[PDB]
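Here's the structure, in structure tokens; my notes come after.
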């Protein structure tokens, strides 16, 4: 009946929302990982900077 | 006799000049070694960064997938 397609419609919305909650949690995890790698990169570039300044001193 | 007095001094002069240049070379040697170590380190660190950048590239694709 009318109350049968409302159910269907709502059940559909429900499952779609569950599907998107999951896709978002997976993306969240990848973003966290990207985040870590980025952090490391910045750290390594600071070390490079230190070495580059050491060289500069020595060159003079 | 007298030309000996002179020649001895010309030789002494050459001797100390060479002693000076030997020290100068030693100094330049360690400077270059140091600079060299640092460069090597820099290259090593840049490769690590390259690894991380590739890791990100991957993660971004799989995430976009």
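Heads up, the Cβs are rebuilt from the backbone with ideal geometry, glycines too, and the neighbour counts pull from every protein chain shown. Since every read-out is calculated from the coordinates, none of them should be taken as a lab result.
Assess whether residue A:25 counts as being more than 9 Å from chain B (Cβ to nearest Cβ) and within 15 Å of the chain's Cα centre (by Cα). Judged against the criteria, residue A:25 is a match.
Among the residues here, residue A:49 qualifies as within 27 Å of residue B:58 (Cα to Cα), free of Cβ contacts under 8 Å to residues at least 12 places away in the same chain and either touching a helix residue (DSSP H, G or I) at 6+ places or on another chain (Cβ under 7 Å) or within 10 Å of chain B (Cβ to nearest Cβ) (or both).
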